[PDB]
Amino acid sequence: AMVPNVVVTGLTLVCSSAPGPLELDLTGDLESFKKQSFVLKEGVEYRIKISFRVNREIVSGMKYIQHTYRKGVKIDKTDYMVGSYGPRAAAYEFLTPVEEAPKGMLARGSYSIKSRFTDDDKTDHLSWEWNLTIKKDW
């Protein structure tokens, strides 16, 4: 401070079929996202894009971790090794592989995601929670 080496700045659902924007600003009030949701139409393809800056020194072993809950119950955990990054002017963007929102009535509904961004020193660069609501339609 007042500028940290690593600043997680944004999560984005990258979905071509989506009629509007699916972005969380992570420079803001993280607690708000929990009474919010992103809506996705069942079966659509998307990526998660995590935006982050490195401002001074090399960070090794950066790692994005998600846990998915449904109705408060853990249903999944995924890890993505992001890499080593040096400092530069522009944010870096990490994209997860393409996935499909679930499909079928029994899989529709809300899911909450606990997201963590970390490194090989186990620094908590940011942790945040958000929600995903799978619907029949937009």
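Numbering starts at 1 and follows the sequence shown.
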- Task: Return whichever of 40-48 and 27-35 has the greater mean Cα B factor according to the PDB record.
- Result: 27-35
- Query: Of 81-89 and 98-106, which one has the bigger average CA B-factor?
  - Reply: 98-106
- Note on the structure: For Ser60, the third of its chain by CA B-factor is the lowest
- Task: Within this chain's modelled residues, let me know which third the CA B factor of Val3 belongs to: lowest, middle or highest.
- Result: highest
- Within this chain's modelled residues, let me know which third the CA B factor of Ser127 belongs to: lowest, middle or highest. middle
